[PDB]
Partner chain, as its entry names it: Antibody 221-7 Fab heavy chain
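Below sits a lone chain in C-alpha cells, taken as the form deposited without the partner chain.
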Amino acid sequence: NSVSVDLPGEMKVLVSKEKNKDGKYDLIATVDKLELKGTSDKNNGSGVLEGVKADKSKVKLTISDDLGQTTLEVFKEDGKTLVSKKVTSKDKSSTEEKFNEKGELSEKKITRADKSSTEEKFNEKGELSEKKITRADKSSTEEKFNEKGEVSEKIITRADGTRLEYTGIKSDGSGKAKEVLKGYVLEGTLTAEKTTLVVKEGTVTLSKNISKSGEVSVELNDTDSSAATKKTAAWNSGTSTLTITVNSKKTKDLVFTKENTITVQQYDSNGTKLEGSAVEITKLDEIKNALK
C-alpha cells in the first residue's frame, strides 16, 4: 500500500510500503490524466515510471535519487525519438523542450525560481522566430523576428491582461500600434520616442501618449471656433486626469486608471465641484460620446 511522495514539477508518486515478490518496491503515479508504473531499488520514491498513450506514445518519468529533480520525457512509438522533455528542480526552476517530427528542437522554455520565464520558438531551419519573456508580476513581452532576425512584431501584456500590440515595426522604430483594453481597442502609431493612440469625435481628437518609459500623458484638440461649443482640456500627470472645459466651465474629468481603464464624472453647473460618482467607460462609443 501507499505513501504519498510529493515531487518537483508539482507531481505526486505513490510507493509500496513493503518490497514486492521480485525484491523491489513498485511505484505508481498519474501525470496529465495518464497512469505511470515502475519499480525501484530505492524506498524514497525515486526511480523511473513508464506508461503509454492511446496515440502509442511512450512517456517516462525519471525521479533522481535525492528527489531534487524530475524528468518527463514523451517519445514517439519507437521509444527513442523525443517528442518533448521537461526537467524540473526542487527550487521550481525548469527547462521545457518540444521537438518536431524530424526530431530537431522547435521550442524551448526556461522557467526560473521566481516564476519568471523565457520562451523561444525556432523555424524550419533552426532560426529564432518568437521570443516571449514573462516576468514574476505575470506581465510579458512577446517579440516576432523577421527574415533578418530583427523584431517586426511586439506584444506587451500587462499584469491585468491588457495589451499594447505593435506591427509593421521598421528600422526607424516606427510602427502601427493597438491598445487592447477590457471592452475596447484603441488604434494609433508607434515612433522612436512614443506610442500615440488616437480617438476622434467630429472636430475633437483625443490622444493618449505612452512613452518608451511607460508614461501616459493625454491631450485634446478641438478645431471648431465657438466659446459655446469648443472643447479644451488640461492634463494633470500627478492624478492621471484630463479635465475638460467648454465655455470657461469644467464639464468632466477623464481619469485614466492604474488598472488601465478610463472613468468619467461631470461637474455641477458652475464647473467647480465634481458630482455623483465616476463611471467606467467600456466601449469605444462611450469615449467618443464623452468628447461630444
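Residue numbers count along the first chain shown, from 1. Residues that one form lacks are left out of the comparison. The term rigid core refers to the most C-alpha atoms you can superpose between the two forms while keeping them within 1.5 Å.
Peer 1: Taking only the CA atoms, which stretch has the higher mean B-factor in the record, 216 to 224 or 150 to 158?
Peer 2: The stretch with the larger mean CA B-factor is 216 to 224.
Peer 1: Tell me which of 133 to 141 and 98 to 106 has the higher mean C-alpha B-factor in the deposited entry.
Peer 2: Stretch with the higher mean C-alpha B-factor: 98 to 106.
Peer 1: Specify which of 262, 49, 244, 67 carries the largest Cα B factor in the deposited PDB entry.
Peer 2: Answer, based on the entry's C-alpha B-factors: 67.
Peer 1: Using only the C-alpha B-factors in the record, can you name which of 274, 281, 278, 14 has the highest?
Peer 2: Largest recorded C-alpha B-factor: 14.
Peer 1: Would you mind ranking residue 201 by its C-alpha B-factor against the rest of the chain and naming the third, lowest, middle or highest?
Peer 2: Middle third - that is where residue 201 ends up once the chain's C-alpha B-factors are sorted.
Peer 1: Looking at the temperature factor on the CA atom of residue 248, which third of the chain's modelled residues does it land in?
Peer 2: Middle third.
Peer 1: What third of the chain, by the recorded C-alpha B-factor, contains residue 60?
Peer 2: For residue 60, whose C-alpha B-factor we compare with every modelled residue in the chain, the answer is the lowest third.
Peer 1: Per the entry's values, where does residue 79 land by CA temperature factor relative to the rest of its chain, in the lowest, middle or highest third?
Peer 2: Highest third of the chain for residue 79's C-alpha B-factor.
Peer 1: Quick one: classify residue 54 as lowest, middle or highest third of the chain based on its Cα B-factor.
Peer 2: Middle third - that is where residue 54 ends up once the chain's C-alpha B-factors are sorted.
Only in words, not in the display: the form solved in complex with the partner chain, which the text now covers.
Peer 1: Residue 81 versus the partner chain, in the deposited bound form: is there a non-hydrogen atom within 4.5 Å?
Peer 2: Close contact exists here: in the deposited bound form, residue 81 approaches the partner chain to within 4.5 Å, heavy atoms only.
Peer 1: Give the option from 189, 167, 205, 81 whose C-alpha shifts by 2 Å or more between the shown form and the other one; the alignment is on the rigid core.
Peer 2: By this measure, the answer is 81.
Peer 1: Considering only residues modelled in both forms, extract each run of at least three consecutive residues whose CA displacement is 2 Å or more throughout between the shown form and the other one after core superposition, in sequence order.
Peer 2: Runs 4 to 17, 19 to 46, 48 to 104 stand out as displaced between the shown form and the other one - each at least 3 residues long.
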